[PDB]
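This text opens with one protein chain seen in two forms, each one given by itself as structure tokens under the names structure 1 and structure 2.
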Structure 1
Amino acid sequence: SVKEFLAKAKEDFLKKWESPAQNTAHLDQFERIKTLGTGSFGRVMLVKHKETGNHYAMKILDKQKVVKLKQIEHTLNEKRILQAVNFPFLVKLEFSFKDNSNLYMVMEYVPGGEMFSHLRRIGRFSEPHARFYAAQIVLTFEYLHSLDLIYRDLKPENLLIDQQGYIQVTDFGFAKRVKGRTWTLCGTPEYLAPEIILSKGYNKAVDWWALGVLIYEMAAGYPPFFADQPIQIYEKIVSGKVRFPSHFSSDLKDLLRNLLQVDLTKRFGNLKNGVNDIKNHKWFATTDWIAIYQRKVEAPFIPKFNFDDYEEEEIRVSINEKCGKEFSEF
């Protein structure tokens, strides 16, 4: 049944992967409300789609700046991945379009903010609460890896909490469709697997290491490897020593020791049994996997009807088309 679901999901993905979506919608169809985040070559705004009244998060990217920072192909690959994937815990890309100045990606609005912010506000989660969130990541990585996608950007900041208290994964900035090995040093230091830091190639197993870090951080209220200098963080990561808080259950420690396995060939999620070594672990014994997928489990936290404040700026669109041919495939 899981095998049957994933086989169908692979077919669905490849159809969209090989034949991308047509350009939909225009700027004036959305009322601009508030800036939700800013970056070097773009910003994300809370918008209301006028005709439906639906609220969305619109990513506005400055074309000239994308071209300047050599981010053309990165932008296109990221869009291509977003429009092709379909899973409950991945943010829906609703519309994409472009004008003379900007590229626009209109995504599902996730109102409850980042898990980072939730951790900053409430501290460590109980093991049952950590397990609720962990279960959604497991199923998400199961789905993504079945499509040969490595995520390689798991961190609390990239996990947004929806009105039902469920995770919506944003930021496909480092996501890569790869069969076999790759080498790029990308991602936040705290969450990097030893094989990313070291000169050797890596595969999808890096996502499972990152899951180990996330579960540790949720249950402890701090990351397993931290220091002021990234090099010092790396030294701790490669060394293979983790200190577990005294309140960590035996089941939690065993799962974490197997996820935070320095030898990628011995790491849970990367053995012959695959995801089942994680899903069937004693720590996940109480987890109803179907119920999590269907979002039928009551969440630990429902956001109040969450984001940090940013200064507002109007969308300026030039009367002359910028970088037209460069973004033809967008």
Structure 2
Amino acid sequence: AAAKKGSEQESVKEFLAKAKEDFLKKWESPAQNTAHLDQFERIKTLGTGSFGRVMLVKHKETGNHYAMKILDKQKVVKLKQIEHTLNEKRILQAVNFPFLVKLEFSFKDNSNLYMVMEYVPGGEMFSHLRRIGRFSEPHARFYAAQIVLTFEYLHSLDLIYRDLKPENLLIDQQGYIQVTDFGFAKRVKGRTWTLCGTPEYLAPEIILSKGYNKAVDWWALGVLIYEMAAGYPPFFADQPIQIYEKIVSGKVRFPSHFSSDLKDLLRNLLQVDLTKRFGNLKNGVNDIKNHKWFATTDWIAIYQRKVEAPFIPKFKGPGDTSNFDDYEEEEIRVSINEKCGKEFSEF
């Protein structure tokens, strides 16, 4: 089944060729400077990172709500994330898939870069997962199927995503996944070397400074599925170094409640040996799609959003943020002097 090249495979191939045509046009001529800060009313912070924050905003002219990522150019420079930030915007403006958050506008001012994306009101998978404890296998399977199709899409465009984790997956009003955080996404044919990601999710080849490819995203998928079904990651400790020792050791233990199909899938994803890792073999993504654990999954129905979600987030009208944690707010200051102009000229 995993090797068989049936008519279904040709349909996927057909779809992906058209998707690549659309992507390359936007890749080669990126949208730039498509809004201004004063067009948006800033409401509330939805998340924070090392070099900025994401805030709920309201677009004045339409009344639509969006999630606006505000990046401090000076902080980006100090953390040596200039190229990664250029990658993030150039890639996100060019992609189009039902499980990828849309970038609606982007622009910059003297101080900051801005990416205005669709607001996804159901909150982070992380929040729901921690609160509930763990997801059932059918629940985790539903989410995992979306990541599988999303990685099939991204990878066909020569993109590596490199930051899969529940914190970067939002749940929409239909209970479907929206992948956010393209900060480490990169278009690369062949090999790359940057040590980036999140410790619990890093493939062993990343931590061992080997040079790596899209197979790191499949390993990260193994970590995500494990964490969703177990309630904890397959490699955890109090400090990152300790996590890395676990990751490289080649040993993984599964909760006693894991189905034997689930265990088998995870052994093939959390496979240190690249000649053996699912997603990285002659059959590519089909080794995953045709695994026993996914027997009940109808891939076309998932793509079409026809499958009933295992839960719908509580929705209390537009602009409601009760699915998100509260963060300290800080006034956006725009310097009277342009910072780091040369470095971000293409943004």
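Rigid core here is just the name for the largest C-alpha set that superposes within 1.5 Å across the two forms. For residue numbers, the reference is structure 1: its sequence is counted from 1.
Could you check which of 292, 61, 275, 299 shows a C-alpha shift of 2 Å or more between structures 1 and 2 after a rigid core superposition?
The answer here is 61.
So that I can tell if residue 12 moves, could you say whether its C-alpha shifts by at least 2 Å between structures 1 and 2 after the core superposition?
No: residue 12 shifts by under 2 Å between structures 1 and 2.
Exceeds or equals 2 Å, Cα of residue 100 between structures 1 and 2, core fit
Comparing the forms between structures 1 and 2, which are aligned on their rigid core, residue 100 does shift its C-alpha by 2 Å or more.
Look at residue 119 and decide if its Cα position differs by 2 Å or more between structures 1 and 2 after superposing on the rigid core.
No.
What Cα shift, in Å, does residue 229 show between structures 1 and 2 once the core is superposed?
With the rigid core fitted, the alpha carbon of residue 229 is displaced 1.4 Å between structures 1 and 2.
Superpose the two forms on the rigid core and tell me the Cα shift of residue 241 between structures 1 and 2 in angstrom.
C-alpha shift for residue 241: 0.6 Å.
State the core-superposed CA shift for residue 74 between structures 1 and 2, in Å to one decimal.
With the cores aligned, its C-alpha sits 3.0 Å away.
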